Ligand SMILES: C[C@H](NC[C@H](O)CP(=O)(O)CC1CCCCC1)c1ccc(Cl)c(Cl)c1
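Here you get one chain, nothing else, as structure tokens; it is the form solved without the named molecule.
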């Protein structure tokens, strides 16, 4: 039983604190896979490329040799996947949604169990069509995960005869973009940023009065449920002001846990995985099934390739064999049917929610493959119906 090491990064804080539930999910999966021996060497990236750079150095320049790298965040995964070719290392992410990571020329040894963020876009388009909007505004924080999602959204809106009439971007301070959205009289707004930046955006939204009956915000649904209620020294807005600014907004997220009560390769049902993970415990709870399945995907790919002690960073041979096994992966995990295609579309469903009276309510689900919008009729709007995308009365 030779030891085989995984060099992993877990974000315990930062943009997406996914490591909080994904690290225990990885630990639960390793126990199951082991019972060669798969061993974990891990560090807290804090969802920070600067911090990950120090830990990447320690993983690569210190013994033991690692067969695979496992990063979380899109920014950390982008840095490690770009660099990995220099060490002929396979990179496997459990949390990276960045559409840009689908670029095989730029990331030739990269795999992910997390779907591409492009899956939010057909759902956003379906809702724009449902609600009769042809004019949308966008505000994004400048991490590539968001910029590349917006690049895809621009293509999907153009295809549907919908226009992005105003765009604003920021690196850290959204003050100017939000003021400009207000002055442009933008109505339907898609905001792409991490939870941390979402608080800064919504405090500016409160100050500019860019909320109410006329305004509809579309955000990413994987924030913590209480995201707008959390103390933040970088914001002057109170909890009640924040709560009013976020009222009625729409979110989209990808369904990552199998909704059917079946038993996967691990012999667990989606429901038992949740109790088991809860027994071990939170950021990354919704992504935890992907972390669990990433270990299984690796374990099965290592089994098929089976000379592992001889892996070196200067040799392509073992890398190419593992790549081919990963490429041909096909098994049933807690997240459903696990496979590894370039454009990251193995998941068929998105979950749509609306914030009502400070709490998220499920309003529907969308399957872009079959074009099925499952609607709960649980959405609420001031006056009983959604607003317009602009004034229509100036003859």
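Positions refer to the first chain, counted from 1.
According to the entry, the deposited sequence places 4 to 9 unmodelled residues between residue 281 and residue 282.
According to the PDB entry, the deposited sequence contains 4 to 9 residues between residue 306 and residue 307 that lack coordinates.
Between the stretches 79 to 87 and 188 to 196, it is 79 to 87 that shows the larger average CA temperature factor. Relative to one another, 63 to 71 and 338 to 346 have unequal mean CA B-factors, and 338 to 346 is the one with the higher figure. Sorting 47, 56, 363, 29 by the CA temperature factor given in the entry leaves 29 at the top.
Of the candidates 288, 164, 298, 210, the deposited coordinates give 298 the top C-alpha B factor.
Ranked against the other modelled residues of its chain, the C-alpha B-factor of residue 33 as given in the entry falls in the highest third.
Annotation for residue 376: C-alpha temperature factor in the middle third relative to the rest of the modelled chain, per the entry.
For residue 221, the recorded CA B-factor ranks within the middle third of the chain. Only modelled residues enter the ranking. In the deposited entry, the Cα temperature factor of residue 393 places it in the lowest third of its chain's modelled residues. Ranked against the other modelled residues of its chain, the C-alpha B-factor of residue 263 as given in the entry falls in the highest third.
Missing here is the form solved in complex with the named molecule; even so, the following discussion is about that form.
Taking the pose of the named molecule in the deposited bound form and superimposing the nearby C-alphas onto this chain, the site is blocked, with at least three ligand atoms within 2.4 Å of backbone or C-beta atoms. Contact with the named molecule in the deposited bound form, defined as a heavy atom within 4.5 Å, is made by all three of 16, 73 and 114. Although the partner is absent from this view, residue 222 contacts the named molecule in the deposited bound form, with a non-hydrogen atom inside 4.5 angstroms. In the deposited bound form, the named molecule sits within 4.5 Å of a heavy atom of residue 194. Contact annotation: residue 256 falls within 4.5 Å of the named molecule in the deposited bound form, judged by heavy atom distances. For the chain shown alone, residue 287 is a contact residue for the named molecule in the deposited bound form, at least one non-hydrogen atom being within 4.5 angstroms. None of 177 to 185, 96 to 104, 82 to 90, 161 to 169 except one has non-hydrogen atoms within 4.5 angstroms of the named molecule in the deposited bound form; the exception is 96 to 104. Of residue 365 and residue 304, one falls in each rigid part of the chain as it moves between the shown form and the other one. In comparison with the shown form, the Cα-Cα distance of residue 345 and residue 109 decreases by at least 3 angstroms in the deposited bound form. Wider separation of the C-alpha atoms of residue 256 and residue 344, by 3 angstroms or more, is seen in the deposited bound form than in the present form.
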